[PDB]
Structure formats: C-alpha cells, structure tokens
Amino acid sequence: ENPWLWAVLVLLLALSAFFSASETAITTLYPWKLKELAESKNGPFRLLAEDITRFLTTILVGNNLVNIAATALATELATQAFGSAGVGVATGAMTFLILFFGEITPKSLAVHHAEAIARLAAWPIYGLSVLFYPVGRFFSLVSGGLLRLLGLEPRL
C-alpha cells in the first residue's frame, strides 16, 4: 500500500468519471445543439459534431481501460492484504466506487454542464482517439466479420 498506488487508483477513477461525463455531455448535446455550437466557433464543437463516432468509440475504449486498470490494481492490493478473499473485497469496493464515482455521479453532473464538459474534453479525447479509435474500429470490424461467419448476422 504505497502512497503512489492509492493516488494512481484515485487518478484512474477520475479518468473514468472524465470519460463517462464526456460521453453524457456529448450525447445530450447531439445532434441539434452540437451543430449550433459547431456553426459558431471555436473550436471543439465542430470537431465533435463532424466525427461523433470517433469520440464515443474512444470513450468506450478509454472508460473500460481505466475501470479495468483500477480494478486490477485494487485487486492486487486486496489480495496481498487478504488473500483469496481479497477478490471479493475488491469486487465489492470497486463496484461501488466505479458505479458511484466513475459512472453515476459524472453522468448526472454532465447533463447540467454538458457544454462546458464537451468543450474541455474534446481535445484530450481527440488526442487519445489517434490510438483508441483505430483499436475500437478494428474490434468492431472483426466482431461483425465473426458474427457473419457464424451466421448470426446477415451475410456479406
């Protein structure tokens, strides 16, 4: 239980709140209010409006990554402290923290501050998208390919 480790886990939960708040802010502005902000300038809203799929894909990848990285770190601490019971301890604690602070609280906050959050989140998420969006798109393309191979989606 190094002090840095607790600060990394706090950092990861803050990133999870950042991603879930951004998702809600973006989608609640879309499409009509995002376009109006986009035709005025500047500048994140035109970026957001023109490629909302890049942003929501990046958030999906990013939100899962930080939630999984925080759970893994928390499980390392709990099982070193408690042994095999630490898996249940970390599951209970992290489900509360991720649900409360990484999901419910930031989404609730975002509906009331959607414009400010989208404005501030757009460029950091655009930067992450240079890696995350190709990754998510690869996954989705391969997944659809697999579903069609198996006959579970219409052939093409």
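When you see a residue number, it is the position in the sequence shown, counting from 1.
- Item | Of 41 to 49 and 62 to 70, the one with larger mean CA B-factor | Taking the mean C-alpha B-factor of 62 to 70 and of 41 to 49, the larger value falls to 41 to 49.
- Query: According to the deposited model, is the average Cα temperature factor higher in 19 to 27 or in 5 to 13?
  - Reply: Between 19 to 27 and 5 to 13, it is 5 to 13.
- Query: When the CA B-factors of 34, 94, 125, 104 are compared as recorded in the entry, which is the largest?
  - Reply: Answer, based on the entry's C-alpha B-factors: 34.
- Message: Which third, lowest, middle or highest, does the C-alpha temperature factor of residue 90 belong to within its own chain?
- Response: For residue 90, the deposited C-alpha B-factor lands in the lowest third.
- CA B-factor placement of residue 98, once the chain's modelled residues are sorted into thirds: Residue 98: CA B-factor falls in the lowest third of its chain.
- In terms of the chain's CA B-factor thirds, is residue 120 lowest, middle or highest? Residue 120: CA B-factor falls in the highest third of its chain.
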